[PDB]
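Listed below, chain by chain, are the residues.
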Amino acid sequence: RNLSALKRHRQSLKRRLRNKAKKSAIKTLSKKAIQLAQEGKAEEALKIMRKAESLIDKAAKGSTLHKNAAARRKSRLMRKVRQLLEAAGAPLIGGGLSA
Amino acid sequence: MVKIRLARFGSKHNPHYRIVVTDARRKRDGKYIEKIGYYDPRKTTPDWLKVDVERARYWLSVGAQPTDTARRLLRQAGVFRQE
Amino acid sequence: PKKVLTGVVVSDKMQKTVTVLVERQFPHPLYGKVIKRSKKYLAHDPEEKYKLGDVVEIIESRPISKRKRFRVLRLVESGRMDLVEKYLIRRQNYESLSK
Amino acid sequence: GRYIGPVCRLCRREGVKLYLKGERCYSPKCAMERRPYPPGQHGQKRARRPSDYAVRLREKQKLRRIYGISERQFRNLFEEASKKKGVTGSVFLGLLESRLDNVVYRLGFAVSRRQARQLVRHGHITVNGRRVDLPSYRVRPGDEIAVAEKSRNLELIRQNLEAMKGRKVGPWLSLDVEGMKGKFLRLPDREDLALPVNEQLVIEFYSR
RNA sequence: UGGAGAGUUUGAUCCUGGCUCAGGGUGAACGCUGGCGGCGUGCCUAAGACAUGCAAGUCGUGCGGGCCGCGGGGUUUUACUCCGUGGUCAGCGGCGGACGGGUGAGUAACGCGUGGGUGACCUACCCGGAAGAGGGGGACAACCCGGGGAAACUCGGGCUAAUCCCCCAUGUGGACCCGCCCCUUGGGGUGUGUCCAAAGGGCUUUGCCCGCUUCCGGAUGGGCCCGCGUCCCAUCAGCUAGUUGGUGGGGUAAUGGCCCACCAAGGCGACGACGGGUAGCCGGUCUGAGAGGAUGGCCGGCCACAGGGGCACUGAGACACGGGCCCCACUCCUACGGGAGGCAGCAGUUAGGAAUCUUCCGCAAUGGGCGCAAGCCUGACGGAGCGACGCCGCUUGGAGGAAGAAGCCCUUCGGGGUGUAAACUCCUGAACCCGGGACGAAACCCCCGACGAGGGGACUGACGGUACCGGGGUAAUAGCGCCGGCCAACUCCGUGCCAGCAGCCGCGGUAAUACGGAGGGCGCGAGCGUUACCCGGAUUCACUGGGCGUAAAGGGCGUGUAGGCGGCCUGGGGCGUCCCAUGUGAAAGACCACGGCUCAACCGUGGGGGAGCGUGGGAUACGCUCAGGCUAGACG
Ligand SMILES: [K+]
Ligand SMILES: [K+]
Ligand SMILES: [K+]
Ligand SMILES: [K+]
Ligand SMILES: [K+]
Ligand SMILES: [K+]
Ligand SMILES: [K+]
Ligand SMILES: [K+]
Ligand SMILES: [K+]
Ligand SMILES: [K+]
Ligand SMILES: [K+]
Ligand SMILES: [K+]
Ligand SMILES: [Mg+2]
Ligand SMILES: [Mg+2]
Ligand SMILES: [Mg+2]
Ligand SMILES: [Mg+2]
Ligand SMILES: [Mg+2]
Ligand SMILES: [Mg+2]
Ligand SMILES: [Mg+2]
Ligand SMILES: [Mg+2]
Ligand SMILES: [Mg+2]
Ligand SMILES: [Mg+2]
Ligand SMILES: [Mg+2]
Ligand SMILES: [Mg+2]
Ligand SMILES: [Mg+2]
Ligand SMILES: [Mg+2]
Ligand SMILES: [Mg+2]
Ligand SMILES: [Mg+2]
Ligand SMILES: [Mg+2]
Ligand SMILES: [Mg+2]
Ligand SMILES: [Mg+2]
Ligand SMILES: [Mg+2]
Ligand SMILES: [Mg+2]
Ligand SMILES: [Mg+2]
Ligand SMILES: [Mg+2]
Ligand SMILES: [Mg+2]
Ligand SMILES: [Mg+2]
Ligand SMILES: [Mg+2]
Ligand SMILES: [Mg+2]
Ligand SMILES: [Mg+2]
Ligand SMILES: [Mg+2]
Ligand SMILES: [Mg+2]
Ligand SMILES: [Mg+2]
Ligand SMILES: [Mg+2]
Ligand SMILES: [Mg+2]
Ligand SMILES: [Mg+2]
Ligand SMILES: [Mg+2]
Ligand SMILES: [Mg+2]
Ligand SMILES: [Mg+2]
Ligand SMILES: [Mg+2]
Ligand SMILES: [Mg+2]
Ligand SMILES: [Mg+2]
Ligand SMILES: [Mg+2]
Ligand SMILES: [Mg+2]
Ligand SMILES: [Mg+2]
Ligand SMILES: [Mg+2]
Ligand SMILES: [Mg+2]
Ligand SMILES: [Mg+2]
Ligand SMILES: [Mg+2]
Ligand SMILES: [Mg+2]
Ligand SMILES: [Mg+2]
Ligand SMILES: [Mg+2]
Ligand SMILES: [Mg+2]
Ligand SMILES: [Mg+2]
Ligand SMILES: [Mg+2]
Ligand SMILES: [Mg+2]
Ligand SMILES: [Mg+2]
Ligand SMILES: [Mg+2]
Ligand SMILES: [Mg+2]
Ligand SMILES: [Mg+2]
Ligand SMILES: [Mg+2]
Ligand SMILES: [Mg+2]
Ligand SMILES: [Mg+2]
Ligand SMILES: [Mg+2]
Ligand SMILES: [Mg+2]
Ligand SMILES: [Mg+2]
Ligand SMILES: [Mg+2]
Ligand SMILES: [Mg+2]
Ligand SMILES: [Mg+2]
Ligand SMILES: [Mg+2]
Ligand SMILES: [Mg+2]
Ligand SMILES: [Mg+2]
Ligand SMILES: [Mg+2]
Ligand SMILES: [Mg+2]
Ligand SMILES: [Mg+2]
Ligand SMILES: [Mg+2]
Ligand SMILES: [Mg+2]
Ligand SMILES: [Mg+2]
Ligand SMILES: [Mg+2]
Ligand SMILES: [Mg+2]
Ligand SMILES: [Mg+2]
Ligand SMILES: [Mg+2]
Ligand SMILES: [Mg+2]
Ligand SMILES: [Mg+2]
Ligand SMILES: [Mg+2]
Ligand SMILES: [Mg+2]
Ligand SMILES: [Mg+2]
Ligand SMILES: [Mg+2]
Ligand SMILES: [Mg+2]
Ligand SMILES: [Mg+2]
Ligand SMILES: [Mg+2]
Ligand SMILES: [Mg+2]
Ligand SMILES: [Mg+2]
Ligand SMILES: [Mg+2]
Ligand SMILES: [Mg+2]
Ligand SMILES: [Mg+2]
Ligand SMILES: [Mg+2]
Ligand SMILES: [Mg+2]
Ligand SMILES: [Mg+2]
Ligand SMILES: [Mg+2]
Ligand SMILES: [Mg+2]
Ligand SMILES: [Mg+2]
Ligand SMILES: [Mg+2]
Ligand SMILES: [Mg+2]
Ligand SMILES: [Mg+2]
Ligand SMILES: [Mg+2]
Ligand SMILES: [Mg+2]
Ligand SMILES: [Mg+2]
Ligand SMILES: [Mg+2]
Ligand SMILES: [Mg+2]
Ligand SMILES: [Mg+2]
Ligand SMILES: [Mg+2]
Ligand SMILES: [Mg+2]
Ligand SMILES: [Mg+2]
Ligand SMILES: [Mg+2]
Ligand SMILES: [Mg+2]
Ligand SMILES: [Zn+2]
């Protein structure tokens, strides 16, 4: 006895699963990189931070991880990584971090 | 978007319109941005249509969209005349 | 223009924060008498530069915390403990009227 | 309402001979020419000294019943006059005289003000060419109050304008008897009206 | 361009003092009465419960299909299959469902008003500007098959398209870390490193149109923050554990103790914290000479809410009225396992109540959503209906008509009154009867031009055969209150402290201008009264504008805290105070003028305003502050 705007609801569900996935990846990758930044493995740390930043921006392309909140996540990630490598040194791969 | 439309201000069976710049999302008799003219459809007085041409040109330059009736009334006032 | 007030530092017991008491004179809305009201503002002292009794200027600022929305612009005049003593006596009188 | 009913009983009660029938208030039949005492069983009895409210109320009632205007329109006209700038009484009299029915009476088209009201209400009177059937219509200085071309053949208008030959009109009015029309030249001054009413008494009556 | 008082304490007086009345107002209701029209207005109570219909969709110019039908093909026929086309149905996809509409619950609060801040922010569609769109891949519905359930619906397998999703490339540019410069909170620029772009469709078809992507700006809308203002009770005096602050994080578009860890012990309060009660707030509105008091309905602005409570998802935007989840109460279905529903959308039902409307017409107008467009949707809206609920206009006749019919009421029995009132005479013509008959409606669109400017053409009226115009044409609703004083209007009879009246004073117990009836009169009039409520008078909470010896009122006395107040002179500051300039003060309303409906109510146009607050500049007499001085106050 109701109208077909239920379609909208359906779509939202799909989009929900589309968003939760991407974020769930990003966070995960972030953690991983930070671990390698604590243990001093700078090459793999930066190599994974590159992919994390890429996923952040790609999620920002759509409505999942939209405007500059994505820049906020990138900022915090790169800051934490560079800070943790400074406790060890030798930024081997020279990836996302500027010279 | 911001639009240029008409607002009804007369009494019953006595329509009097204000050519007005307002947000489309607001009610047609609600708080508008600026009154840029007035229009009397029944032609009760010799001056039953007045438009501030420069202000209309400004609002069109910044991105206002007139209604078909509003655009017709503006065109009658030479808002678009480039002769 | 961001509001600029002038008051007395009556509490330096917090960290990076000072309690600036600000007075104001105005005619009564009905009885016309020039009456004097006051208000305490939590101002930001990021260097612990200002101490008790200092008469300082205060500027409207981006919120630092809940109830902390002002910064200390400059020092009007150095420590004059007379107004501080007045405020402390006004507070001490409250313990005398309980029951 | 219009108070419709006996009229010369007001000629009697007000103590001043009113002209509500037009004629027969000039003829020795007004009942004021022969019975000047107020109406009722207790009319011929010794009158007691009236109160101030009595005097002001009687004066206001005299001025109101002269024109036959209801209390609503009368009070509204008085408030309108008091809102305007100038002396309240003279402006009030000019407003009352500006009514279309009273102008028809003053222009000799009708013998009485109520006859003028019926002449207006039935569309026998035009203003600037356009037919107007409103007694409360306000005549502005310069308006030409004429008679309907379809009504100029009626017997009553023939009689009234046949008697208006040679009769003078108010200083603020002009009359063309052949064309059966007239003009409202200006608002009448207090000196122009010979009404037996003290306007200050009415102003004080509404001041309460 | 503005200000009235009166009655009432006494045998009489003056004062104090309360009570009452005359005024204006209403989203009113009730009684009696009730003719017409226009414009307004109409659940104030149960934010109680709701049958039923409608109220939010739209795009085939994003994509592939199912069903029904037709036409044309590959074939000799059949089978099978291809193309075109019509109707219909949903699906995938995009935009809209966050607007519009309703309501006053809850909220004493940055909720609102007002003035500012954002170097701490976002903004779909729209406008301007710069640049770009190369290649590849994938999935889920529809659909096909099977299962479970009474139903709602649900589960599994398989096929597939796209403006669906993903990868690589191009880096105009942007994002981030770090460094430098400028600027000064997170503003702007620059370098290296790293990371990020895209979608196609339609034709009048190789040229345009609707789009898409990245960026900068505009515009609009909004988020957050701050100064000041915003009811009653102190028979509420102490309140606070995320409490106050810090550091580091999480979170958001963004600050924040918003949230979380650890550390410090703070934060608030008689300048009224905390608690209780009440209440959306404002533009305004009512009243008032003003100051002020009261109020927040219609309309407009902001807020909050969508049976009660909580919560996230999706999205530029929601903690989402007609979206989703859970708990509670309720109603309905039920195979008792489980489900469905949420009028404070329009109308309507029922309950409560003194009381508040039609289950109407229309997409024509204005506005909104989608679409290239045609067009579709719109209980927004435009109209009509009902209700003297309000405001305004109008009618129930006009003129002549006796020293005066009758009836009725008084009466000195002479007469007086109802009263020119009536009957009557002449006249106009409310209603109605015909005929004509609208403005509101020219755009979108089409054609010319160049899908521009400009010109031309065509369609479309709910109201409604209504308004209005012409002709014809009948004398054709009046009621309600009052008549002792305040307060305008008096007699007769009945009644006998009875029956009753009464806003206040008061009236009636034999001859009542006060009761009841009659005659007469007074006041208003399609109204008149009553009740309730607000302001008024009321200078009766007295800022303007009161008082305390005896009328209500000086604390039993002191000491003294906070607070309030401060002799004379000079100078500095310019906080109060004052002045100039400027911004702000939406519209409607109010005021003034002109104009449009035959007037008015109603409405349009223009004009004038204005406190307050922000900013810049100026003045220094007074109040303030600082520095110094004096001795008349004070103390020694
Ligand atoms: K304490
Ligand atoms: K007396
Ligand atoms: K399936
Ligand atoms: K670069
Ligand atoms: K902006
Ligand atoms: K005042
Ligand atoms: K919703
Ligand atoms: K006729
Ligand atoms: K054209
Ligand atoms: K006629
Ligand atoms: K009796
Ligand atoms: K009586
Ligand atoms: Mg839908
Ligand atoms: Mg849809
Ligand atoms: Mg994980
Ligand atoms: Mg809006
Ligand atoms: Mg013109
Ligand atoms: Mg132009
Ligand atoms: Mg101070
Ligand atoms: Mg400290
Ligand atoms: Mg902090
Ligand atoms: Mg006057
Ligand atoms: Mg005046
Ligand atoms: Mg003066
Ligand atoms: Mg003067
Ligand atoms: Mg006594
Ligand atoms: Mg006595
Ligand atoms: Mg005595
Ligand atoms: Mg009253
Ligand atoms: Mg009243
Ligand atoms: Mg009835
Ligand atoms: Mg009734
Ligand atoms: Mg009506
Ligand atoms: Mg209505
Ligand atoms: Mg209600
Ligand atoms: Mg109310
Ligand atoms: Mg398209
Ligand atoms: Mg099909
Ligand atoms: Mg076939
Ligand atoms: Mg065969
Ligand atoms: Mg479809
Ligand atoms: Mg709304
Ligand atoms: Mg409370
Ligand atoms: Mg504010
Ligand atoms: Mg506040
Ligand atoms: Mg503000
Ligand atoms: Mg977009
Ligand atoms: Mg976009
Ligand atoms: Mg653009
Ligand atoms: Mg594929
Ligand atoms: Mg495939
Ligand atoms: Mg493919
Ligand atoms: Mg489905
Ligand atoms: Mg298949
Ligand atoms: Mg599958
Ligand atoms: Mg570059
Ligand atoms: Mg790339
Ligand atoms: Mg895409
Ligand atoms: Mg591709
Ligand atoms: Mg081509
Ligand atoms: Mg607290
Ligand atoms: Mg932070
Ligand atoms: Mg968000
Ligand atoms: Mg907290
Ligand atoms: Mg923090
Ligand atoms: Mg205070
Ligand atoms: Mg409280
Ligand atoms: Mg409440
Ligand atoms: Mg007034
Ligand atoms: Mg006022
Ligand atoms: Mg209020
Ligand atoms: Mg409201
Ligand atoms: Mg409102
Ligand atoms: Mg309900
Ligand atoms: Mg609920
Ligand atoms: Mg709820
Ligand atoms: Mg969107
Ligand atoms: Mg989001
Ligand atoms: Mg909400
Ligand atoms: Mg919800
Ligand atoms: Mg609903
Ligand atoms: Mg459901
Ligand atoms: Mg009932
Ligand atoms: Mg209605
Ligand atoms: Mg319909
Ligand atoms: Mg429409
Ligand atoms: Mg339209
Ligand atoms: Mg309507
Ligand atoms: Mg009337
Ligand atoms: Mg007569
Ligand atoms: Mg006749
Ligand atoms: Mg036309
Ligand atoms: Mg159309
Ligand atoms: Mg062409
Ligand atoms: Mg044209
Ligand atoms: Mg029709
Ligand atoms: Mg006629
Ligand atoms: Mg009297
Ligand atoms: Mg009585
Ligand atoms: Mg009363
Ligand atoms: Mg007797
Ligand atoms: Mg008697
Ligand atoms: Mg009597
Ligand atoms: Mg009588
Ligand atoms: Mg009434
Ligand atoms: Mg009163
Ligand atoms: Mg007062
Ligand atoms: Mg007074
Ligand atoms: Mg009192
Ligand atoms: Mg006083
Ligand atoms: Mg007194
Ligand atoms: Mg004593
Ligand atoms: Mg002191
Ligand atoms: Mg002291
Ligand atoms: Mg002094
Ligand atoms: Mg002092
Ligand atoms: Mg000086
Ligand atoms: Mg100053
Ligand atoms: Mg205004
Ligand atoms: Mg006023
Ligand atoms: Mg006019
Ligand atoms: Mg001014
Ligand atoms: Mg200044
Ligand atoms: Mg000076
Ligand atoms: Mg000294
Ligand atoms: Mg001595
Ligand atoms: Zn007479």
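Residues numbered from 1 in each chain as written, not as in the entry; some residues may be left out. Chains lettered and ligands numbered in written order. Part of a larger assembly, values for the part shown. Heavy atoms only, no water.

In the PDB archive, X-ray crystallography is given as the structure determination method for this entry, at a resolution of 3.3000 Å.

Engineer: I would appreciate a short explanation of the overall build of chain D in the present structure.
Structural biologist: Of regular secondary structure, chain D possesses eight helices and five strands. Each helix and strand of chain D, ordered N terminal to C terminal, gives the series α-α-α-α-α-α-β-β-β-α-β-β-α. In summary, chain D has a C-alpha radius of gyration of 18 Å against a globular reference of 17 Å for 208 residues, a match within 12%. Taken over the C-alpha atoms alone, chain D extends approximately 55 × 45 × 30 Å along its principal axes. Here chain D holds 208 residues, and 42% of them are scored as buried. (Helix = DSSP H or I, 4+ residues; strand = E, 2+ residues; numbered from the N terminus. Rg over C-alpha atoms; globule rule 2.2 N^0.38 Å. Buried < 20%, exposed > 50% of the residue type's maximum accessible area, 1.4 Å probe, protein only.)

Engineer: Quick question: what am I supposed to make of the packing of helix α2 (residues 42-61) of chain A against helix α3 (residues 69-86) of chain A here?
Structural biologist: Helix-helix packing is described using two parameters, namely the angle between the two axes and the distance between the axes. Residues and elements named next belong to chain A. Two elements in contact, α2 and α3, have axes whose closest approach is 10 Å; the angle formed by their N-to-C orientations is 175 degrees. Accordingly, the angle class assigned to the pair α2 and α3 is roughly antiparallel. Judged by residue contacts, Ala42, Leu46, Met49, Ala52, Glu53, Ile56, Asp57 and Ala60 of α2 engage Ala70, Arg73, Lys74, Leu77, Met78, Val81 and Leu85 from α3. Its residues assigned to classes, the contact of α2 with α3 comprises 11 nonpolar, no polar and four charged. (Axes fitted to C-alpha atoms, helices over the stretch in contact; angles between N-to-C directions. Parallel < 35°, antiparallel > 145°, perpendicular 65-115°, else oblique. Contact = heavy atoms within 4.5 Å. Nonpolar A, V, L, I, M, F, W, Y, C, P; charged D, E, K, R; others polar.)

Engineer: What's the story with the nonpolar core in this structure? I'm lost.
Structural biologist: Nonpolar side chains tend toward joint burial in soluble globular proteins. Judged by nonpolar contacts, the single largest core of 52 residues is most densely connected at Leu100, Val104 and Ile145 of chain D. Among the elements that take part in this core, helix α4 (residues 88-97) of chain D stands out by supplying five residues, more than any other. When residues are assigned to domains, this core turns out to be shared by domain 1 (1-96 + 194-208) and domain 2 (97-193) of chain D, each giving three or more. The contacts of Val104 of chain D, once residues within four sequence positions are left out, are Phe109, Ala110, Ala116, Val120, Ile125 and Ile145 of chain D. Formed by 15 residues, the second largest nonpolar core is a distinct cluster that contains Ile4, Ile19, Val51 and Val79 of chain B. (Core = buried A, V, L, I, M, F, W, Y, C linked by side-chain atoms within 4.5 Å. Domains from an automatic or database assignment.)

Engineer: Would you mind going over the packing of aromatic side chains with me for this structure?
Structural biologist: One pair of aromatic rings is described through two measures. These are the centre distance and the angle between the planes. Enumeration according to the criterion identifies 11 aromatic pairs over all chains in this entry. Ring geometry for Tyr58 of chain B and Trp59 of chain B: centres 5.3 Å apart, planes at 80 degrees, overall edge-to-face. Since its relative accessible area comes to 37%, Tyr58 of chain B is described here as partly exposed. Relative accessible area serves as the criterion here: at 13%, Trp59 of chain B is assigned to the buried category. With a centroid separation of 5.6 Å and an interplanar angle of 75 degrees, the aromatic rings of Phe78 of chain D and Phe92 of chain D are classed as edge-to-face. (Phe/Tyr/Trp six-rings, centres within 6.5 Å; stacked < 30°, edge-to-face > 60°.)

Engineer: For this particular structure, what's the right way to read the pairing of strand β3 (residues 34-39) of chain B?
Structural biologist: Two faces belong to every sheet, and in a regular strand the side chains alternate between them. Of the strand pairs in this sheet, strand β2 (residues 17-23) of chain B and β3 of chain B are connected by five bridges, and their pairing is antiparallel. In the sheet register, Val21 of chain B faces β3 of chain B, and the bridge partner there is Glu34 of chain B. (Pairing = 2+ DSSP bridges.)

Engineer: I'm lost on the UniProt feature "binding site: Zn(2+)" in chain D in this one. Help?
Structural biologist: Residue and element names in this part refer to chain D. Mapped onto this numbering, the UniProt entry annotates "binding site: Zn(2+)" at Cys8, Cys11, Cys25 and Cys30. Their sequence span is 23 residues, while the largest C-alpha to C-alpha distance among them is just 8.7 Å; these annotated residues converge on one region. By the secondary structure assignment, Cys11 is in helix α1 (residues 8-13). Looking at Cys11, the relative accessible area reads 0%, which means it is buried. Those residues within four positions of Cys11 in sequence are excluded, and the remaining contacts are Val16, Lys17, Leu18, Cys25, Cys30 and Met32. Mapped onto the elements, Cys25 comes out in the loop between α1 and α2 (52-67). (UniProt positions renumbered as here; feature names shortened; annotations may be inferred.)

Engineer: For this particular structure, what's the right way to read the protein's contact with RNA strand E?
Structural biologist: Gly95 and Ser98 of chain A, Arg25 of chain B, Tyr94 of chain C together with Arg12 of chain D are the nearest of the 195 residues found near RNA strand E. For RNA strand E, the fraction of protein-proximal atoms (within 4 Å) that sit in sugar or phosphate groups is 80%. One of the side-chain nitrogen or oxygen atoms of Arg67 of chain C is found 2.7 Å away from a phosphate oxygen of RNA strand E. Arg64 of chain D is positioned with one of its side-chain polar atoms (N or O) 2.8 Å from a phosphate oxygen of RNA strand E. The element best represented in the surface near RNA strand E is helix α1 (residues 6-38) of chain A, accounting for 12 residues. Looking at side-chain class alone, the surface near RNA strand E contains 51 nonpolar, 51 polar and 93 charged residues. (Near = heavy atom within 4 Å. Polar contact = N/O pair within 3.5 Å; in protein donor to acceptor, adjacent residues only side chain to side chain.)

Engineer: Could you clarify how one ought to interpret helix α7 (residues 155-163) of chain D in this entry?
Structural biologist: Side chains three or four residues apart in an α-helix point the same way, a direct result of the helix having 3.6 residues per turn. All names here are of chain D. By the burial criterion, the buried members of α7 are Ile157, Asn160 and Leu161. Along the long axis of α7, the arc covered by the buried residues comes to 90 degrees, so they all point the same way. Summarising the geometry of α7, the exposed residues directed more than 90 degrees from the buried face are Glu155 and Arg158. (Arc of directions from axis to C-beta.)

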